[PDB]
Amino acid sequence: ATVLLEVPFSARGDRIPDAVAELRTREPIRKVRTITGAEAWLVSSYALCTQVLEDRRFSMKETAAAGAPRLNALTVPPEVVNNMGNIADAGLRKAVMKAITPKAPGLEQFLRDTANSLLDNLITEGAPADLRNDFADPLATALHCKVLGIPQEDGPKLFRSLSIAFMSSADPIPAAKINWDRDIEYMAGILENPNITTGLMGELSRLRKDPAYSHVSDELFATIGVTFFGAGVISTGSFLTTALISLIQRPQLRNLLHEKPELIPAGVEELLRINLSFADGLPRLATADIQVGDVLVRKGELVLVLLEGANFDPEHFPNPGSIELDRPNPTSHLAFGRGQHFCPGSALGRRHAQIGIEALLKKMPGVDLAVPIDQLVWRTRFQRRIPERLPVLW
């Protein structure tokens, strides 16, 4: 006898398990057990993944309900699971989204300057260099301090909350609450700090004193800062880190992008499509009985949308494991989600990765792993797949 199939399948972000294609072919919606012991429906085809993400009756907010089957334990207050809904209800969606585009004057130049400086320091120190801890993550952290309008020197401590905040744990995490409360206090102080006049926090600080927003809670204003820093930094840093592995392991593509950097956006779009950064399916709770393929999902059941199930589906992306810069549907992947909860930072995430890769290929055209790929240490029980260190030479 065997137990019910358990998720996640593997924390390795450098290869997709053969099991994904087998599940997609035979049972594209199938029952699994999560790390909490709850049962859930794992959805692994493009068609069914899009169906779930485009049907709001599969609710993100309701995953936080007491007594629901859980993918993992909450690391934020339950109301924060509805973060974007709360922002929209407060009338703040347009302002938040405008503050996090890559189009602000000097922002892309700041990204280039920061990437080039980080790479120069690695070259000066000499190989081996750690492209996660000393390139991709500091670049993400610096970018988000700039976007938020907060001091660069405050970034590292905020960043160090993230190895706990984005855990995917069976049980509540005491350190997550300690860091959350402290980071909220920091952002509340930022709102009261007269020097904070630019970026997202500068804009929220002004809106907070605008009579049209007098009803919006100070709790929400501080939460926007903590959540956008955390989600943005963990997502951009982890994506860039694993995209760099994908690129390093494809010297032909690395050389092509080095020779023709105008192909970098199309390359990054494929790197997004094949990216394994999300360690768990996206969770949703059914609020009605809904037919998904061969399964009638019942009200109150947990559904997990496996992004790499959709993104490696050969019925949507022929030869799905291959990076093709001339696909007819290149942005139709689900790396940024789909539907109501589509990532509001997608343009900034694209630009972070494009500029980081452009700078790396210019400064380190001979970049290669400095250890055998199997020697990378993949973080476990985390909401992202990332190597703890990414040792390279050039």
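All residue numbers refer to positions in the sequence shown, first residue = 1.
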_Higher-scoring stretch by recorded Cα B factor average, 32 to 40 or 343 to 351_ = 343 to 351
_If you take the mean CA temperature factor per stretch, which one wins between 169 to 177 and 191 to 199?_
191 to 199
_By the CA temperature factor listed in this entry, which of these ranks top: 138, 314, 91, 300?_
91
*Name the one of 307, 231, 296, 81 with the greatest CA B-factor according to the PDB entry.*
296
*asked:* Split into thirds by Cα B-factor across the chain's modelled residues, where does residue 184 land: lowest, middle or highest?
replied: lowest
*Relative to the other modelled residues in the chain, which third contains the C-alpha temperature factor of residue 14: lowest, middle or highest?*
middle
*Modelled-residue ranking by C-alpha temperature factor, third containing residue 328*: highest
*asked:* Split into thirds by Cα B-factor across the chain's modelled residues, where does residue 210 land: lowest, middle or highest?
replied: middle
*Compare the C-alpha B factor of residue 362 with those of the other modelled residues in its chain, then answer lowest, middle or highest third.*
highest
